[PDB]
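So this one's two forms of a single chain, laid out as structure tokens and tagged structure 1 and structure 2.
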Structure 1
């Protein structure tokens, strides 16, 4: 087998690597280094989720976002409640919700007499994975994959810190977001600056307090925040859009937390599963993975889905297809949780299942292609012949974690499936910029070995 142990000498000291690879044509394992050790899969976990969604939702699955009413339209009045049903669509934009509500106008409604009622009942318990880290939860990459999701549950604010030391940074939030950012951040001199922390503290109802300080900035300083209360935000968006559509509403916003019945007035459909999967796999969209992860459980078990149910469903579905998980911990669909534990060989058996059932699943074309698209279009170790346009691979990255899982063609034309997990990769301070040169070398060498073996 490949001596992976020599190859890891290029990785920073203290890191650990799990590598396993199989020549599918020969059915030979050609690299096996820590192949049974549990490690953190990061976003390569999405491979499990792609397969469970294909099997249990199918290619016609679309998320639905719907308007319903318990009462009747007469004389331009909806005489009853506007029920807006959200089921986790991770790709719903503000524009798409606006056009959906517009459909009320076409049906002649110019006034709602009752209350606005959100049904978000398809998802339950928290909208975040267990073992997620607390202090990223305000960042856009980590937005909550909740039943109600508008513009990725993320908004942008601008901090004007182009001012002298001692001045208060100016916070600018575009008027379209119904949230509030407040607080007193100050500009610090070159002496104080290295000691600054720019913090945000989350308060009820989507109020954000920025505190702390930063160095004078010489461009505008973006802050890209995750919406924290997704029902309240969606309800406030809906009210402003009704107003702008000219539909009169003066009732309350109700969040009853169980399914709501009424007559279907209008349904917006997301793009279908193969489109969602392509985007989740090429670009590694976290919210699409955790949305699908719970949609899978909702549909499989026919009950409100928590992350716990999503875990149970994905395992049971894959186990029926012959995958064995032993004591693996899959706490989420995106792999963000620091509690996930999976051995390279388990990921590998799903990758072989993927290659073997390609005529039914069509998941091959979803993998990023080296030097061509997705998250490895510019991946340093992979961008030269004979790897470029050959390796395709799902990536995963967290602080300290750099993983690949995918396929390639070797020098004899045979297909190789492989899994690379690297954990404990550290090249400086907790806050400083990670150096990828040791990663680039290691990956260039390993995939070259796999090519030539």
Structure 2
């Protein structure tokens, strides 16, 4: 086999790698180094979710966002409540929601007599996986994969830190967002600037407290945040939109937990599963992953889905196909949880299933392709022949974690499936930028060895 132990001497001191690779045509393992060790899979976890979603939801699945009522329409009034049903569409834009609501206007509703009721009942329990780190929850990449999700549950604030040290940065929220940012951030000089932290503290109803400092910046810039209370944000946007449409509305916002029965007025359907999977896999979309993870359970078990039921469904679906998980921990669909524990050989067994069933599943084309697209379009170890355009791989990147899972063609035209997990990679501080040079050397050498073996 390949001497992976020798290759990991160029990784930073203290890191740990697990690497396993199989030549599919020969059915031969060709590298096997800590392949049974549980490691953090990061976004390579989304491969499990991709396979489960293909199997349990299928290619015609779409997320539905719908308007319902039990009132009768009568001289241009809807004489009852407006129900807006959100089912976790991770690709719903504010424009799509507006076009949905504009269906009421097409139907002659000029006024809604009752309340605005959101039905979010397809998801249950928290909208964050267990073991997610608290301080990342205000980052847009970790926005909640909630039932209501509008423009990726992300917004941004406008900052003007072109000020002298000691002065207050100007931080305004743009008009389109129903958010408050409060608190004060001061500009730090060059001698405190490298120590600066901008802290963000969440309070109720999408109010964000900022504290701390920032180095001067001449130009005004935007900082993105995750929406915290997704039901309040959606209800606020819906009421802004009814006003823009001229539909009179004067009622309360109601947030019941159960499914809300009513007559269907209009519906918007997302792009179908293959499109959602492709974006998930190419771009490493956490929200698409975790939405599918719970939509899989909701459809599979016919009951409201928590992250725990997501775990039970994904394991039950993949087990039925022959995948064995032992005591792996799959706490979410995205890979974000720090409780996740997967060994390289388990991920490889899923990659082998995806290769074997490609004629039906068509998941190979969802993988990022080295030096071409997705999150490896510029990956340093991969951007030269014979790897560029050849290696396809899902990345998993978290603090200290540099993983790849995917396939390549070797010098004989045979397909090799491979899993690379590297954890504990630290070359500087907390909140230092990590030297990627050892990782580029390692990967260039490993995938060249796999190509020629």
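Positions refer to the first chain, counted from 1. For the two forms, the rigid core is made up of the largest set of C-alpha atoms that agree within 1.5 Å on superposition.
Taking the rigid core as reference, which of 275, 189, 248, 199 is displaced at the C-alpha by at least 2 Å between the two structures?
Going through each option, the one that shifts is 189.
Checking residue 222 here: with the core superposed, does its CA move 2 Å or more between the two structures?
Indeed, residue 222 is displaced by 2 Å or more.
Once the core is aligned, what is the C-alpha displacement of residue 172 between the two structures? Give it in Å to one decimal.
That residue's C-alpha is offset by 1.4 Å.
Could you check how much the CA of residue 311 shifts between the two structures after a rigid core fit, in angstrom?
C-alpha displacement of residue 311 between the two structures: 0.1 Å.
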